[PDB]
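FYI the Cβ positions are ideal-geometry reconstructions off the backbone, even for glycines, and counts take in every protein chain you see. Values quoted throughout were computed directly from the atomic coordinates according to the rules given, and no laboratory measurement underlies them.
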Amino acid sequence: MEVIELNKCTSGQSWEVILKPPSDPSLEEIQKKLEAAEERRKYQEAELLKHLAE
Amino acid sequence: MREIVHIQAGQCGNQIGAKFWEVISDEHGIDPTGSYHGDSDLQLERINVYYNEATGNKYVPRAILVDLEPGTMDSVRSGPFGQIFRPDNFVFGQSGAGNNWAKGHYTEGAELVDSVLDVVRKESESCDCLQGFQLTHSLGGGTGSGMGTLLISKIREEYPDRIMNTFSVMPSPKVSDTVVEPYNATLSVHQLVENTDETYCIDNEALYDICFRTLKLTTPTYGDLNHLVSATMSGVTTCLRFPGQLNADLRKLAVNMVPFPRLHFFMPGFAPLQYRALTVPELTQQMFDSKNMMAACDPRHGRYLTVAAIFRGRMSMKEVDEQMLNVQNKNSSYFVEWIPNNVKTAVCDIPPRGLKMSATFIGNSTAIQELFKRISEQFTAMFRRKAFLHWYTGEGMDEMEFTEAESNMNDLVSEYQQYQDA
Amino acid sequence: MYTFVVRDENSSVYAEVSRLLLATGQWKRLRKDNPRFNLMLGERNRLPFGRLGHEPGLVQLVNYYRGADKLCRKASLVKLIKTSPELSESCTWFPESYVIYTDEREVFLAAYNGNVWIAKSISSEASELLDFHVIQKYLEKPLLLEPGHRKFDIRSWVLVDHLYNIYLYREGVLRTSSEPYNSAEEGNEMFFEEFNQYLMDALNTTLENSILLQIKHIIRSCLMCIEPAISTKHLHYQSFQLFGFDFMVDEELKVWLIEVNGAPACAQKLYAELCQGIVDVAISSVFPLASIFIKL
Amino acid sequence: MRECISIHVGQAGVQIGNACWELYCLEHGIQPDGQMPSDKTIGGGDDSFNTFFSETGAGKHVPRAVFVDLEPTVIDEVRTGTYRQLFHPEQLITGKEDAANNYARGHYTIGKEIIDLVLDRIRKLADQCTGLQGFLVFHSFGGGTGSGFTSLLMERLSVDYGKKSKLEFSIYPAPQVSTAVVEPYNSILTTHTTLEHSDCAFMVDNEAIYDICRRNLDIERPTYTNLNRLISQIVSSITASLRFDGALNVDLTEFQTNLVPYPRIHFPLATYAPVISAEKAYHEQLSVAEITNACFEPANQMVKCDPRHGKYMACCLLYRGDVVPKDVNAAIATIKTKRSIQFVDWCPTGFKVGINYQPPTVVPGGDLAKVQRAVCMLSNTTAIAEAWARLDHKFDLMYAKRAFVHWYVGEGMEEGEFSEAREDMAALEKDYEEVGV
Ligand SMILES: Nc1nc2c(ncn2[C@@H]2O[C@H](COP(=O)(O)OP(=O)(O)OP(=O)(O)O)[C@@H](O)[C@H]2O)c(=O)[nH]1
Ligand SMILES: Nc1nc2c(ncn2[C@@H]2O[C@H](COP(=O)(O)OP(=O)(O)O)[C@@H](O)[C@H]2O)c(=O)[nH]1
Ligand SMILES: Cc1cc2nc(/C=C/c3cccnc3)sc2cc1C
Ligand SMILES: [Ca+2]
Ligand SMILES: [Ca+2]
Ligand SMILES: [Mg+2]
Ligand SMILES: [Mg+2]
């Protein structure tokens, strides 16, 4: 049971005790994702208005 | 600010709508003249949901009154809270609909519908953030049924991204005006399936049974029937009108209650239906009892998709939570296992008038198919002989439209049976 | 009205337990996938312990101890005994065993130099075993019943409740051999009453003294050892489990531990009595309604 | 000195944000008006508390925080609350209507319209940083905003601040304090999109906080106020190293270094003790050994699971109050000989211990009693995967019937994102099992 790296300060202190040793998408791609979804809403809304128009 | 626009159409729609406004105006402390005289700031904290603030600190309902004859709306204007409604929001014709869906939807109603939409637009434009629309009507008549669904169709075109909910009164031979009610109802249901987010199915047969069997009223009037509807509507809208743990608009409430777009027809319930106050176990027991259901459908004949329960009054929230967890764990076979925790409960500190505490039930059960089956039987019984069809073809309708409406409701029924055996 | 589910149809024991619960009229059986349950008669393989104790307003109980497989596996039992300071190599009542695929191939051959062993998961030659799991020391001199000159083993059923009380069922059974032992009763099942009378007449001793004391010692030793690893004392759910301990006895009346079964079967005429006891102290103790065990 | 910016998203994030900043002010001796009599470096200085607080020429200590919600009713309570003078109006961002518990709504529909505004306000705080560490993000899993908008924000933060670390404080959905049903969807969806953007995430199951409040505080029906004040304590224990002088977890980087050896497995379990009722008159003060032993009691964990049936990859002990190193090590040696603490073979079986001499601060009039010593354990256990198992099971039950899916598709989201997110979670559970058993 070894105690290592004992650092002391006015606010407190810290150390490590060992018991045993071991044996992104770009800005463009995000904009493509968001606008693809916005377009799918517009399409589904258009099919609604088309249905109502009939 | 989460404003709700209220619309009421036809005889039934306006008489029920008036009672609703009569009740919630009392709860919020608004007198018939529109002046506030309550005793708590909690009555005004969410007053903007159903009321517009006038010039002289008055509160005018965000309500629009529609009919094809002036008879019923003259009665409203001459009623107790008749003067509280905005005069311009009285939109009426003279011809009437003659209990005919075609007249309400295609001929007579079409001549009046734009006039209503102008009032709707006027009310909507003055909303900080429109929450959604609310319609009270019957499905067995002509105006509320035919023009009501026509209005809904129009509103969805002008407001495609807004919630559209209805409080719909289902016809029944036990409480009937004309024989063509199943015709009008079938035609209306098809519209509601596609163009509403939530429809509270209020069965007049159920209302009659409750007044007769439970309330011990030998000869129930429409007034007695509307008393139950008024109390239920107050309970359903309680969490929206008062501060509480529940911070949700119509959309969020719709999201948690409707797993499938077409299957959005709810069974309302209320408890109690007396000086001796009820206990929380008693409230919960009655709330799930068929005798307190208003859709005239036996919940044991189906399964609950989702359930909402609203408790009003000062009570042990722990005891409420325990009692709700009691009913579910004693009847788990009636709740679908493929929707975890489908029973949600909200409490409100402010009770309704006359009761120290109450409970309102909102059930999305597959047993609601019994109502549509019942309507479908009555429909087919006449339609196989093309009986009384001349009333409709005389307004320009074809037999095919009837066949299509009949087929869409049978599809709805089959869809409900699909998830009952899941 | 309590609720329970059955997720192990092959369970011989809990098929009777579930039947007794229904006969009380205070227990309703649910669908196997219904989460709103009080009691769970779970499956043997991959029991979803992680989904237990997360139902508001429902005290949940399960008929299996999570992590008890460390005691009910061949390779795990050996590892548990050699590594635990409360057992260690000086175990006395457990045969010298070795784990081979850690592994202990070089250690086994060292002790190899009466030298007959048995591998499982019997030969005097070490090469015949490795070419064929754990290798255990085969008891070359077992106790034999007379008349018959036959080998036998003793099965004891042990119930451990949610409070980790250890209950030993009074009725055990002997799975005897029909053929005479060669080192070159109804259905072979003898119960305690007869076996006790035999010991008194033949060896002038009792079942309690010569054997049962050592048995109670071993059972209590194994379970109290693995207790801090499997205990559900402060868990969000509770566990109980029936165990099947298998024993051997030599000519010197010494008791040896063979294996431990997590899902054991019971004797025919003992089903009615044992299963009833399970309901009383392991189920009704948690879910009260409207002794055959020896507490260790 | 290096600064840390906190971001509070959705109702859960904002209200918990309020609880923490309230607690921070009490700890650092900052008055509600922003003044701080302790700070002698007026209008500047680079002390440890300056990591979370900026300073004006007037002497006001302003939190480096941003509050964002898609509806104003919750944040408006901050604008007129006790600490209204603490925040700048630009730090408080609100929208018209919320995401209605719909991930797709918060991420795609509404989030798109407000994402640029939020980033710009964050940029305002970033420009006042000499050397920004990274971000601390508070949000729920179940909410449409908390899940939907957060994942979108986390994506953009990696684009605009690639060198900066991002820590999460996430609220795991519990049915007992929720009225929503689609939370398993939102939880899985936001975890899948945020996973490769969060360096370290602390999950807090409301079920755990609920029972701790019921059991240890004698509260029958715990409110959000109850839950948040307790959550704030745990959060305070975790961020104390960033706000005080020390050598353990001094920056956001060391959190990943000391707790997260494997990137995807960045969900450390948190355990806290002691939780004592303020209405409890006579109370025997617990020792160092007693509160340390409690760290291995499942009933004190932020997520209910059984670490005994998993493996540890890392473990930190954060003590606050009257605590000496001698008693700590004396407790650790004893605990190992009574507890089943298994580490993975490729990690040292040890403990990184930190002590903050300043005793725990509690909100005056709160439900939590004042204690002389307290400890928060941060352990990376494979046992926390039980929470993923529960969550994914509820997902499977509903998605098999495609229940509620139409709400998400109607907001422009494709159905394929559901299965894509679920497959990621299936892989996540697999990773835990390989490391574990
Ligand atoms: N601990 C804690 N949890 C909360 C709090 N408020 C809400 N939650 C939880 O957060 C989950 C989702 O709700 P919200 O966070 O309010 O949703 P949102 O982020 O506002 O997103 P919207 O759906 O657009 O409103 C629920 O399961 C709640 O249990 C809170 O104050 N404290
Ligand atoms: N509950 C209730 N039902 C009504 C009332 N008035 C009419 N109904 C029902 O509504 C149907 C008649 O529709 P009605 O509203 O009178 O015709 P409309 O004016 O064209 O909409 C019948 O099935 C009646 O049973 C009422 O005041 N209360
Ligand atoms: C879960 C839940 C759902 C819910 N839905 C409600 C509906 C209100 C309403 C009012 C007017 C028009 N349309 C809908 S109240 C309610 C309460 C709970 C707990
Ligand atoms: Ca005309
Ligand atoms: Ca300073
Ligand atoms: Mg009429
Ligand atoms: Mg919100």
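Computed values, structure above
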item	result
Total residues in region C:149-194, condition over 16 Å from C:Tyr271 (Cα atoms), in a loop (DSSP other than H, G, I, E, B) and not hydrophobic (A, V, I, L, M, F, W, C)	16
Condition check for B:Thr221: surrounded by fewer than 19 Cβ atoms within 10 Å (Cβ to Cβ), among the β-branched types (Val, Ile, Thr) and out of contact with any strand residue (DSSP E or B) (no Cβ under 7 Å at 6 or more places or on another chain)	yes
Unique match (being more than 7 Å from every other protein chain (Cβ to nearest Cβ) and within 26 Å of D:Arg214 (Cβ to Cβ)) among D:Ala389, D:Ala369	D:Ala369
Flag for B:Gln328 being away from every other protein chain (no Cβ under 14 Å), within 27 Å of the chain's Cα centre (by Cα) and part of a helix (DSSP H, G or I)	no
D:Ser165 vs. criteria more than 12 Å from chain B (Cβ to nearest Cβ) and among the polar types (S, T, N, Q)	yes
Counted residues, region B:79-108 - those being more than 16 Å from ligand 2 (Cβ to nearest atom), surrounded by fewer than 20 Cβ atoms within 10 Å (Cβ to Cβ) and assigned to a loop (DSSP other than H, G, I, E, B)	1
Subset tally (residues that are assigned to a helix (DSSP H, G or I), hydrophobic (A, V, I, L, M, F, W, C) and buried (at least 20 other Cβ atoms within 10 Å of the Cβ)) for region C:23-76	2
Residues being surrounded by 13 or more Cβ atoms within 10 Å (Cβ to Cβ) and either part of a loop (DSSP other than H, G, I, E, B) or within 16 Å of ligand 4 (Cβ to nearest atom) (or both) - total across region D:67-84	9
Test result for D:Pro37, within 16 Å of ligand 5 (Cβ to nearest atom) and more than 24 Å from D:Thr130 (Cβ to Cβ)	yes
Residue selected from region B:122-138 under the condition exposed (fewer than 14 other Cβ atoms within 10 Å of the Cβ) and outside any helix (DSSP H, G or I), by the criterion nearest to ligand 7 (Cβ to nearest atom)	B:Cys129
From the options D:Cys20, D:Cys25, residue that is within 15 Å of ligand 1 (Cβ to nearest atom), under 20 Å from D:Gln233 (Cβ atoms) and not aromatic (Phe, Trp, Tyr)	D:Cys20
Looking only at region B:166-179, and only at residues there that are in a strand (DSSP E or B), surrounded by 23 or more Cβ atoms within 10 Å (Cβ to Cβ) and of a type outside the set (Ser, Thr, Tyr), the one that is nearest to ligand 7 (Cβ to nearest atom)	B:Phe167
From D:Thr80, D:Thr51, D:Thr109, D:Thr56, residue being within 23 Å of the chain's Cα centre (by Cα) and either more than 16 Å from ligand 1 (Cβ to nearest atom) or hydroxyl-bearing (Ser, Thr, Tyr) (or both)	D:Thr51
Output for region B:206-241, where each listed residue is farther than 16 Å from B:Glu22 by Cα and outside any helix (DSSP H, G or I)	B:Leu215, B:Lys216, B:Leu217, B:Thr218, B:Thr219, B:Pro220, B:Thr221
Test set (1) within 14 Å of chain D (Cβ to nearest Cβ); (2) over 21 Å from B:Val119 (Cα atoms); (3) among the β-branched types (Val, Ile, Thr) - B:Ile30 fails condition number	(1)
Residues located in region D:134-145, provided they are near ligand 1 (Cβ under 6 Å from one of its atoms) and either surrounded by fewer than 24 Cβ atoms within 10 Å (Cβ to Cβ) or more than 14 Å from D:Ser178 (Cα to Cα) (or both)	D:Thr145
Some residue of region C:282-295 being assigned to a helix (DSSP H, G or I), more than 24 Å from C:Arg73 (Cβ to Cβ) and not small (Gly, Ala, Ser)	yes
Answer residue from region B:224-250, given it is in contact with a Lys or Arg (Cβ under 7 Å, 6 or more places away or on another chain) and among the hydroxyl-bearing types (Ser, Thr, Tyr) and is surrounded by the most Cβ atoms within 10 Å (Cβ to Cβ) among those	B:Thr238
Verdict on B:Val119 being part of a helix (DSSP H, G or I), surrounded by fewer than 24 Cβ atoms within 10 Å (Cβ to Cβ) and away from ligand 3 (no atom under 16 Å from the Cβ)	yes
Inter-residue pairs, beta-carbon under 8 Å, first under 17 Å from D:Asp345 (Cα atoms) and in region D:258-269, second among the aromatic types (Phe, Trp, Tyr) and buried (at least 16 other Cβ atoms within 10 Å of the Cβ), 6+ apart	D:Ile265/D:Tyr432
Top-ranked residue in region A:5-43 [being more than 30 Å from D:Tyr319 (Cα to Cα) and aliphatic (A, V, I, L, M); ranked as farthest from the other protein chains (Cβ to nearest Cβ)]	A:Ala36
Enumeration of residues in region D:105-121 that are away from chain B (no Cβ under 11 Å) and either crowded, with 24+ Cβ neighbours inside 10 Å or within 16 Å of ligand 2 (Cβ to nearest atom) (or both)	D:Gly106, D:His107, D:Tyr108, D:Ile110, D:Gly111
Residues of region C:1-17 classified as within 18 Å of the chain's Cα centre (by Cα), of a type outside the set (A, V, I, L, M, F, W, C) and buried (at least 19 other Cβ atoms within 10 Å of the Cβ), total	2
Some residue of region B:338-352 being within 10 Å of another protein chain (Cβ to nearest Cβ), within 22 Å of the chain's Cα centre (by Cα), within 20 Å of B:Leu246 (Cβ to Cβ) and of a type in the set (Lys, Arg)	yes
Looking only at region D:85-104, and only at residues there that are assigned to a loop (DSSP other than H, G, I, E, B) and away from every other protein chain (no Cβ under 14 Å), the one that is nearest to D:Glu22 (Cα to Cα)	D:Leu86
Long-range neighbours under 7 Å by Cβ, at least six apart or interchain, first residue away from chain A (no Cβ under 14 Å) within region B:160-177, second among the charged types (D, E, K, R) and within 16 Å of ligand 1 (Cβ to nearest atom)	B:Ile163/B:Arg251
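The rows are residues; the columns are (1) in a strand (DSSP E or B); (2) over 15 Å from B:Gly269 (Cβ atoms); (3) among the aromatic types (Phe, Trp, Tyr).
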{"site": "B:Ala346", "(1), (2), (3)": "yes, no, no"}
{"site": "B:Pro351", "(1), (2), (3)": "no, yes, no"}
{"site": "B:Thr360", "(1), (2), (3)": "yes, no, no"}
{"site": "B:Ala367", "(1), (2), (3)": "no, no, no"}
{"site": "B:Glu370", "(1), (2), (3)": "no, yes, no"}
{"site": "B:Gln378", "(1), (2), (3)": "no, yes, no"}
{"site": "B:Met382", "(1), (2), (3)": "no, yes, no"}
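A quick yes/no check of all residues on (1) within 22 Å of B:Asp249 (Cβ to Cβ); (2) away from ligand 1 (no atom under 16 Å from the Cβ); (3) among the basic types (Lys, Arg):
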{"residue": "B:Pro340", "(1), (2), (3)": "no, no, no"}
{"residue": "B:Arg353", "(1), (2), (3)": "no, yes, yes"}
{"residue": "B:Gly363", "(1), (2), (3)": "yes, yes, no"}
{"residue": "B:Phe372", "(1), (2), (3)": "no, yes, no"}
